[PDB]
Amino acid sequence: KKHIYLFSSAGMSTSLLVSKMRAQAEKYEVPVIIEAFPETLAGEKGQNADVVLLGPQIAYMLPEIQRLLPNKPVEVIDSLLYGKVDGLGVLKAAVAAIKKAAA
């Protein structure tokens, strides 16, 4: 089971996106664990993630988080997918980042 961790300053919308992603992962039997955390834990919690996703509110922090976790794929969630709360779409982007990372 791969760990997908989302980091954002917007607690509610991120947690709502996480609940929809979990529903989708269950529907299609994707072996993943999805958790949302505040941006302050990106360095502490990120070390255990298989893929690190940043909420669009903290996109400007991408370079810093990449330097903090040089051995993890880190990327920003598409703002439209995020605003629309597209659990399936974001789940797809996360699995993709993992695949593109393992090869």
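Counting begins at 1, following the sequence as shown.
K.L.:
Out of 24-32 and 74-82, which stretch has the higher average CA B-factor listed in the record?
P.N.:
Between 24-32 and 74-82, it is 24-32.
K.L.:
Tell me which stretch, 36-44 or 50-58, has the higher mean Cα B-factor listed in the entry.
P.N.:
Comparing 50-58 with 36-44, the higher average CA B-factor belongs to 36-44.
K.L.:
Taking the C-alpha B-factors as the PDB entry records them, is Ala10 in the lowest, middle or highest third of its chain?
P.N.:
Ranked within chain, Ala10 CA B lands in the middle tercile.
K.L.:
State the tercile, meaning the lowest, middle or highest third, of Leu91 with respect to the CA B-factors recorded for its chain.
P.N.:
Within its chain, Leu91 is a middle-third residue by C-alpha B-factor, going by the deposited values.
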